[PDB]
Amino acid sequence: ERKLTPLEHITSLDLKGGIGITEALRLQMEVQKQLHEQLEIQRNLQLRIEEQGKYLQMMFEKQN
Amino acid sequence: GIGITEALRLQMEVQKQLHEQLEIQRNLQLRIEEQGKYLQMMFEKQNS
Amino acid sequence: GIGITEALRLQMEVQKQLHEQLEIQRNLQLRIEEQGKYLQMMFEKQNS
Amino acid sequence: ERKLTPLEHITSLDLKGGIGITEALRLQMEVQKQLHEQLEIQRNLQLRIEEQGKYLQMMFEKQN
Ligand SMILES: [Mg+2]
Ligand SMILES: [Mg+2]
């Protein structure tokens, strides 16, 4: 729901003034920061999932 | 190993981090769309 | 460098791969929930 | 919309038969395969985003 700011929203009026390219580059930094963040959550997820795996496997073998 | 309690905490944390990626991915997708129409407006300028 | 055409293709590919993560993340989240209630049923057995 | 199969859906009747743990471990393999897939798309996304970045920056400097 975090909607675009005017600095992020590329309008036709922005193009008639020649700032569409700079607004597109602004989006580039933000997008690429949000890939890094969502990548960092990936590594965290993969680490939290991996320890549930150890816990569940350690109990499966308690039955055995 | 880890307790049953710690196992539920990891469980609660995993669910919220999934919800967090969903929200980040919705934001990131909204911004990819803007670059989409910019490229299109510059492409559609290129044809005409 | 890359053409304007290749730039639009990367654009179209990025949007679909985002849509694909959304669908994978919805599947993965549904399965995390099942482990959630299993742990809870085993936890709620542990109290009683 | 890819809903759980009965092999994936852990019921109370599964617990009364002692197969909840194995179904939970089945979920573990699938979840962890889907983290790897969503991680692989991350790397692909980060690489496709990075080349739009080069293209947009190379045009910003053409104006200059
Ligand atoms: Mg604007
Ligand atoms: Mg079942």
# chains A, B, ... in the order shown; residues from 1 in each chain; ligands from 1
$ residues_near_ligand --ligand "ligand 1" --cutoff "12 Å" --atoms "only C-alpha atoms and all ligand atoms" --output "count of residues only"
25
$ interface_residues --of "chain D" --to "chain B" --cutoff "12 Å" --atoms "only C-alpha atoms" --output "number ranges by chain"
D: 31, 35, 38, 42, 45, 48-49, 52-53, 55-56, 59
$ write_last_selection --atoms "C-alpha atoms" --output "PDB file, in the first residue's frame"
ATOM      1  CA  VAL D  31       9.333 -25.881   1.657  1.00  0.00           C
ATOM      2  CA  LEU D  35      13.108 -21.590  -0.877  1.00  0.00           C
ATOM      3  CA  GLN D  38      12.536 -18.535  -4.953  1.00  0.00           C
ATOM      4  CA  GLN D  42      16.132 -13.725  -6.723  1.00  0.00           C
ATOM      5  CA  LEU D  45      15.921 -10.879 -10.811  1.00  0.00           C
ATOM      6  CA  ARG D  48      18.030  -8.674 -14.946  1.00  0.00           C
ATOM      7  CA  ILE D  49      17.556  -5.546 -12.806  1.00  0.00           C
ATOM      8  CA  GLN D  52      18.391  -2.297 -16.967  1.00  0.00           C
ATOM      9  CA  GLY D  53      20.508  -0.235 -14.577  1.00  0.00           C
ATOM     10  CA  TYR D  55      21.052   0.684 -19.900  1.00  0.00           C
ATOM     11  CA  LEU D  56      19.339   3.546 -18.067  1.00  0.00           C
ATOM     12  CA  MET D  59      21.362   6.888 -21.580  1.00  0.00           C
TER      13      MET D  59
END
$ closest_residue --among "A:28, A:40, A:64, A:51" --to "chain D" --atoms "only C-alpha atoms"
A:28
$ interface_residues --of "chain C" --to "chain B" --cutoff "9 Å" --atoms "only C-alpha atoms" --output "PyMOL selection string"
chain C and resi 4-5+7-8+11-12+14-15+18-19+21-22+25-26+28-29+32-33+35-36+39-40+42-43
$ write_last_selection --atoms "N, CA and C atoms" --output "PDB file, in the first residue's frame"
ATOM      1  N   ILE C   4      16.756  -0.864 -27.007  1.00  0.00           N
ATOM      2  CA  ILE C   4      15.475  -0.545 -26.383  1.00  0.00           C
ATOM      3  C   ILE C   4      14.550  -1.753 -26.399  1.00  0.00           C
ATOM      4  N   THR C   5      14.654  -2.594 -27.428  1.00  0.00           N
ATOM      5  CA  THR C   5      13.818  -3.786 -27.497  1.00  0.00           C
ATOM      6  C   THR C   5      14.208  -4.788 -26.417  1.00  0.00           C
ATOM      7  N   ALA C   7      15.648  -4.073 -23.725  1.00  0.00           N
ATOM      8  CA  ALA C   7      15.284  -3.478 -22.444  1.00  0.00           C
ATOM      9  C   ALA C   7      13.833  -3.768 -22.082  1.00  0.00           C
ATOM     10  N   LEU C   8      12.936  -3.786 -23.071  1.00  0.00           N
ATOM     11  CA  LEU C   8      11.543  -4.123 -22.796  1.00  0.00           C
ATOM     12  C   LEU C   8      11.374  -5.604 -22.486  1.00  0.00           C
ATOM     13  N   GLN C  11      12.302  -6.131 -19.055  1.00  0.00           N
ATOM     14  CA  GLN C  11      11.180  -5.597 -18.297  1.00  0.00           C
ATOM     15  C   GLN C  11      10.044  -6.611 -18.192  1.00  0.00           C
ATOM     16  N   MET C  12       9.650  -7.208 -19.324  1.00  0.00           N
ATOM     17  CA  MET C  12       8.578  -8.199 -19.315  1.00  0.00           C
ATOM     18  C   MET C  12       8.973  -9.435 -18.516  1.00  0.00           C
ATOM     19  N   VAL C  14      11.147  -9.532 -15.919  1.00  0.00           N
ATOM     20  CA  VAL C  14      11.181  -9.201 -14.498  1.00  0.00           C
ATOM     21  C   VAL C  14       9.781  -9.248 -13.905  1.00  0.00           C
ATOM     22  N   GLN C  15       8.787  -8.726 -14.633  1.00  0.00           N
ATOM     23  CA  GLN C  15       7.428  -8.722 -14.101  1.00  0.00           C
ATOM     24  C   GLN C  15       6.924 -10.146 -13.892  1.00  0.00           C
ATOM     25  N   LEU C  18       8.581 -11.826 -10.924  1.00  0.00           N
ATOM     26  CA  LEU C  18       7.973 -11.351  -9.684  1.00  0.00           C
ATOM     27  C   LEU C  18       6.651 -12.056  -9.433  1.00  0.00           C
ATOM     28  N   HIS C  19       5.811 -12.144 -10.466  1.00  0.00           N
ATOM     29  CA  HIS C  19       4.573 -12.899 -10.338  1.00  0.00           C
ATOM     30  C   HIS C  19       4.841 -14.345  -9.951  1.00  0.00           C
ATOM     31  N   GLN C  21       7.483 -15.551  -8.124  1.00  0.00           N
ATOM     32  CA  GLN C  21       7.798 -15.590  -6.696  1.00  0.00           C
ATOM     33  C   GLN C  21       6.549 -15.428  -5.842  1.00  0.00           C
ATOM     34  N   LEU C  22       5.649 -14.525  -6.231  1.00  0.00           N
ATOM     35  CA  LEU C  22       4.408 -14.365  -5.478  1.00  0.00           C
ATOM     36  C   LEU C  22       3.660 -15.690  -5.377  1.00  0.00           C
ATOM     37  N   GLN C  25       5.646 -18.107  -3.227  1.00  0.00           N
ATOM     38  CA  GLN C  25       5.583 -17.694  -1.831  1.00  0.00           C
ATOM     39  C   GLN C  25       4.218 -17.990  -1.222  1.00  0.00           C
ATOM     40  N   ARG C  26       3.147 -17.888  -2.012  1.00  0.00           N
ATOM     41  CA  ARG C  26       1.831 -18.293  -1.527  1.00  0.00           C
ATOM     42  C   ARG C  26       1.773 -19.795  -1.258  1.00  0.00           C
ATOM     43  N   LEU C  28       4.439 -21.812  -0.612  1.00  0.00           N
ATOM     44  CA  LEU C  28       5.328 -22.071   0.512  1.00  0.00           C
ATOM     45  C   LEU C  28       4.693 -21.634   1.825  1.00  0.00           C
ATOM     46  N   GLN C  29       3.943 -20.535   1.800  1.00  0.00           N
ATOM     47  CA  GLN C  29       3.323 -20.039   3.022  1.00  0.00           C
ATOM     48  C   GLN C  29       2.208 -20.974   3.481  1.00  0.00           C
ATOM     49  N   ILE C  32       3.933 -23.789   5.277  1.00  0.00           N
ATOM     50  CA  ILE C  32       4.424 -23.379   6.592  1.00  0.00           C
ATOM     51  C   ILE C  32       3.297 -23.395   7.612  1.00  0.00           C
ATOM     52  N   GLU C  33       2.087 -23.026   7.189  1.00  0.00           N
ATOM     53  CA  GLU C  33       0.953 -23.029   8.103  1.00  0.00           C
ATOM     54  C   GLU C  33       0.647 -24.438   8.613  1.00  0.00           C
ATOM     55  N   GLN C  35       2.794 -27.013   9.049  1.00  0.00           N
ATOM     56  CA  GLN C  35       3.743 -27.261  10.128  1.00  0.00           C
ATOM     57  C   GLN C  35       3.383 -26.458  11.370  1.00  0.00           C
ATOM     58  N   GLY C  36       2.763 -25.292  11.185  1.00  0.00           N
ATOM     59  CA  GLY C  36       2.333 -24.501  12.325  1.00  0.00           C
ATOM     60  C   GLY C  36       1.338 -25.231  13.204  1.00  0.00           C
ATOM     61  N   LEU C  39       2.831 -28.450  14.977  1.00  0.00           N
ATOM     62  CA  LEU C  39       3.545 -28.062  16.189  1.00  0.00           C
ATOM     63  C   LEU C  39       2.576 -27.664  17.290  1.00  0.00           C
ATOM     64  N   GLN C  40       1.496 -26.973  16.926  1.00  0.00           N
ATOM     65  CA  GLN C  40       0.523 -26.544  17.921  1.00  0.00           C
ATOM     66  C   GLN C  40      -0.223 -27.741  18.500  1.00  0.00           C
ATOM     67  N   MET C  42       0.894 -30.733  18.645  1.00  0.00           N
ATOM     68  CA  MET C  42       1.850 -31.407  19.515  1.00  0.00           C
ATOM     69  C   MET C  42       2.171 -30.585  20.756  1.00  0.00           C
ATOM     70  N   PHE C  43       2.174 -29.257  20.646  1.00  0.00           N
ATOM     71  CA  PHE C  43       2.313 -28.429  21.840  1.00  0.00           C
ATOM     72  C   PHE C  43       1.086 -28.542  22.731  1.00  0.00           C
TER      73      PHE C  43
END
$ closest_residue --among "A:25, A:41, A:58, A:47" --to "chain D" --atoms "only C-alpha atoms"
A:25
$ decode --residues "segment 11-32 of chain A" --atoms "N, CA and C atoms" --output "mmCIF file, in the first residue's frame"
data_model
loop_
_atom_site.group_PDB
_atom_site.id
_atom_site.type_symbol
_atom_site.label_atom_id
_atom_site.label_comp_id
_atom_site.auth_asym_id
_atom_site.auth_seq_id
_atom_site.Cartn_x
_atom_site.Cartn_y
_atom_site.Cartn_z
ATOM 1 N N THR A 11 5.381 10.953 -14.859
ATOM 2 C CA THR A 11 4.244 11.453 -15.619
ATOM 3 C C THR A 11 4.689 11.916 -17.000
ATOM 4 N N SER A 12 3.702 12.167 -17.864
ATOM 5 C CA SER A 12 4.001 12.781 -19.153
ATOM 6 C C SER A 12 4.602 14.167 -18.963
ATOM 7 N N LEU A 13 4.096 14.917 -17.980
ATOM 8 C CA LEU A 13 4.642 16.242 -17.712
ATOM 9 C C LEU A 13 6.102 16.151 -17.277
ATOM 10 N N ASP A 14 6.468 15.092 -16.545
ATOM 11 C CA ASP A 14 7.876 14.844 -16.247
ATOM 12 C C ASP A 14 8.689 14.635 -17.522
ATOM 13 N N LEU A 15 8.136 13.903 -18.496
ATOM 14 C CA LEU A 15 8.857 13.690 -19.750
ATOM 15 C C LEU A 15 9.009 14.980 -20.547
ATOM 16 N N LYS A 16 7.975 15.828 -20.578
ATOM 17 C CA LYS A 16 8.102 17.070 -21.334
ATOM 18 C C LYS A 16 9.162 17.986 -20.727
ATOM 19 N N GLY A 17 9.504 17.782 -19.453
ATOM 20 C CA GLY A 17 10.587 18.479 -18.795
ATOM 21 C C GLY A 17 11.913 17.750 -18.767
ATOM 22 N N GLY A 18 11.969 16.513 -19.258
ATOM 23 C CA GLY A 18 13.233 15.814 -19.372
ATOM 24 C C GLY A 18 13.763 15.213 -18.094
ATOM 25 N N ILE A 19 12.892 14.888 -17.140
ATOM 26 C CA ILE A 19 13.309 14.301 -15.875
ATOM 27 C C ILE A 19 12.829 12.864 -15.732
ATOM 28 N N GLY A 20 12.227 12.297 -16.778
ATOM 29 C CA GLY A 20 11.821 10.904 -16.707
ATOM 30 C C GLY A 20 12.994 9.973 -16.459
ATOM 31 N N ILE A 21 14.128 10.244 -17.109
ATOM 32 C CA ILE A 21 15.302 9.384 -16.961
ATOM 33 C C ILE A 21 15.800 9.380 -15.520
ATOM 34 N N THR A 22 15.870 10.558 -14.892
ATOM 35 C CA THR A 22 16.364 10.628 -13.520
ATOM 36 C C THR A 22 15.395 9.964 -12.549
ATOM 37 N N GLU A 23 14.089 10.137 -12.766
ATOM 38 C CA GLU A 23 13.112 9.427 -11.948
ATOM 39 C C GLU A 23 13.212 7.920 -12.154
ATOM 40 N N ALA A 24 13.504 7.485 -13.382
ATOM 41 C CA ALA A 24 13.699 6.060 -13.624
ATOM 42 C C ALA A 24 14.938 5.541 -12.903
ATOM 43 N N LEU A 25 16.005 6.348 -12.850
ATOM 44 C CA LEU A 25 17.197 5.939 -12.111
ATOM 45 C C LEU A 25 16.947 5.930 -10.608
ATOM 46 N N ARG A 26 16.127 6.864 -10.113
ATOM 47 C CA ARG A 26 15.722 6.831 -8.708
ATOM 48 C C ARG A 26 15.031 5.516 -8.371
ATOM 49 N N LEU A 27 14.071 5.107 -9.203
ATOM 50 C CA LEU A 27 13.441 3.799 -9.040
ATOM 51 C C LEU A 27 14.476 2.679 -9.024
ATOM 52 N N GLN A 28 15.527 2.803 -9.841
ATOM 53 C CA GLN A 28 16.550 1.759 -9.914
ATOM 54 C C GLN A 28 17.214 1.530 -8.560
ATOM 55 N N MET A 29 17.625 2.609 -7.884
ATOM 56 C CA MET A 29 18.255 2.452 -6.575
ATOM 57 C C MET A 29 17.302 1.802 -5.584
ATOM 58 N N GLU A 30 16.039 2.233 -5.589
ATOM 59 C CA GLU A 30 15.065 1.709 -4.638
ATOM 60 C C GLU A 30 14.779 0.240 -4.906
ATOM 61 N N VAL A 31 14.482 -0.100 -6.163
ATOM 62 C CA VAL A 31 14.248 -1.492 -6.535
ATOM 63 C C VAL A 31 15.424 -2.355 -6.115
ATOM 64 N N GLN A 32 16.634 -1.888 -6.396
ATOM 65 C CA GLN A 32 17.787 -2.718 -6.109
ATOM 66 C C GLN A 32 18.097 -2.772 -4.619
#
